[PDB]
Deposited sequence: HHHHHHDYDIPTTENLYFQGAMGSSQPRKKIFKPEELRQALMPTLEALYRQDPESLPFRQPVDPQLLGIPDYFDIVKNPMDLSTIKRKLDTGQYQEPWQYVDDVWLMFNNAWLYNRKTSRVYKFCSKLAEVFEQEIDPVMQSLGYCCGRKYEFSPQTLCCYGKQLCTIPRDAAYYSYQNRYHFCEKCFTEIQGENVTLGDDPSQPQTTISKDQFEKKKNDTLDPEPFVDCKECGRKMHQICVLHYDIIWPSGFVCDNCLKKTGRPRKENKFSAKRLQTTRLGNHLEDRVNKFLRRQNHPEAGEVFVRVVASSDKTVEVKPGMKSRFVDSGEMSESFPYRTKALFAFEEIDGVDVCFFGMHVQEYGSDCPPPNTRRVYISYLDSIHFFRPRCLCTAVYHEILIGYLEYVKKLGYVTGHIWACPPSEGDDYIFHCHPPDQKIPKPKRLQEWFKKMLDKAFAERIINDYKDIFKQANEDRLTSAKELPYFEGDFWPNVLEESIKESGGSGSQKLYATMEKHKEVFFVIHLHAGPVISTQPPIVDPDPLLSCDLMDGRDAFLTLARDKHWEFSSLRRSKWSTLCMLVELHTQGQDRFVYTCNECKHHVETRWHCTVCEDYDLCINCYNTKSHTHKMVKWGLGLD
């Protein structure tokens, strides 16, 4: 097997000895923490015969020092990988409450502290040994790319290189300043996903708000509707035969589902921090579902900058959605407030281990405070829970309460099969909401076109793809990377591909004169703004 790269970077052994030794030096000054590591583990003095069955590749400061002093490391990544193996042997063998498990953890604290800057000034990205979180002995490792002009291996996630965007391979930042070239634009941005009237409304609401209270670190927000499609919820068999042969209510119930996502710019790159999936039941839907919206589910990653404003803008998103559907025809929404189960993630693949998922009362009062802001906001004219809304809007049978896809009531009515029910309504009353947009006739019209995009049809597609491809949202850097790859997924697996149209003639034109500041204004030659060809 024969390989090449004609002007690689190799480090003279005294070079990387001089660069790396201060970091080992640090590890060594940690007394006593470093003491069980200055020499190899001797199971004869410790009385642990099983050790070399558990730890197959021992490593210790003295071995790394000997390797360093005799130039056995040709690239700093081998140095780094050796000391991480030492730490990983420490963590693997000893219980997480061990004394030397703790020692190990502190040594790792300070080796992280020291290795990032030196590795950086040796051209590389960090000095970390990274691994993806497990699924279902093995772990999958983080990916690397090798710079094309210098050969310095770097964490793909760290430097955010994706071949599909820059198909000529990867070249580092320094190898570019060395050639005076600037970086090539990521066209596959959140901003440049298809913009749409709904998403524009939400993003305008929160952008004005975060200007209103402006922390200097907050960045631009982009809301975007990434899929939209006409589905119908089929009525479950028992529940169906007691009311459809009757003819009281319909076989199916037609709605439009929309998946919509929010991105913030953080360190100059989009970081997708919020997602939502709604079912909207139009004016032509047979009752009970007529003119109702329902948020099928919500999800969030807490890396919004600044975490102070986090919740305020989650709320401004939700209430902007209520405002928008209000304005064009719907009259009641519905927020079943159910906490994320198990280790089940709603919309985003792998959540940050330090992001606490609420218990239902936290959840219920969060929804309640968002709703209160909406009431005060002139926007929603009232709201109350499902029980006090089912007996105030007096109701005697089951085909009278909305019947949504994947909702709880459909399934519990279904299993009330062997017949009580009217009373379970207010056991779970504070988790199910009812939301009145109007106080109080012309039909709904959705300006926004359909967006066929299977990855965002429902929620299983995107989670599955992300679990495969390891797009986790567990780190700000992993989130950055997963946002990147998800955006080029949305951009290049456009199940819609466009039949452009000009705007003064409503024609269908191959060559057109786009406008720069209009959101989509083209003109077939055959006007105010600066048009470009």
For this session: Spell out the unmodelled ranges of the deposited sequence for me, N- to C-terminal, numbering from the first residue.
Result: 1-21, 158-219, 503-509, 531-535, 622-627, 635-640
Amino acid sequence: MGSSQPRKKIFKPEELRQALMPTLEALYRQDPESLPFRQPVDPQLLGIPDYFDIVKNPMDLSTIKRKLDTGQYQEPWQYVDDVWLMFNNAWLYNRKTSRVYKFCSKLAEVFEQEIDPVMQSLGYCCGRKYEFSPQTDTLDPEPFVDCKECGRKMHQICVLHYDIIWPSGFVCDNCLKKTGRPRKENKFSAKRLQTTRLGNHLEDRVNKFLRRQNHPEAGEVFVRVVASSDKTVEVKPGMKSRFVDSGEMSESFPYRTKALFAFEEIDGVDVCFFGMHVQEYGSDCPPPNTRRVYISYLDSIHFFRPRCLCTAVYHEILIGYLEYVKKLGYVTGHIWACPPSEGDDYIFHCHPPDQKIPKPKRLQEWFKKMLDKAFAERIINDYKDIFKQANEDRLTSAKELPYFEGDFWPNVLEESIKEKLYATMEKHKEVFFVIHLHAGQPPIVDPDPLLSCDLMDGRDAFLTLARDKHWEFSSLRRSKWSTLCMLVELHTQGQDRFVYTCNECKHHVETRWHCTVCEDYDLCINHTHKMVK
From here on, numbers count along this sequence of modelled residues.
For this session: Could you settle it for me: does 242-250 or 116-124 have the higher average Cα B factor in the PDB entry?
Result: 242-250
Exercise. Given the B-factors recorded for C-alpha atoms, which segment has the greater mean, 78-86 or 446-454?
Worked result: 446-454
Seminar exercise, completed: Highest CA B factor of 338, 301, 226, 371, as deposited, is found at 371
For this session: Between 159, 272, 461, 390, let me know which has the highest C-alpha B-factor in the entry?
Result: 390
For this session: Classify residue 219 as lowest, middle or highest third according to the C-alpha B-factor given in the PDB entry, relative to its own chain.
Result: middle
For this session: Classify residue 414 as lowest, middle or highest third according to the C-alpha B-factor given in the PDB entry, relative to its own chain.
Result: highest
Exercise. So where's residue 164 on the chain's Cα temperature factor ranking, which third?
Worked result: lowest
Exercise. If you rank the chain by CA B-factor, which third does residue 57 end up in: lowest, middle or highest?
Worked result: middle
For this session: Determine, from the deposited record, the chain-internal third of the Cα B-factor for residue 101: lowest, middle or highest.
Result: lowest
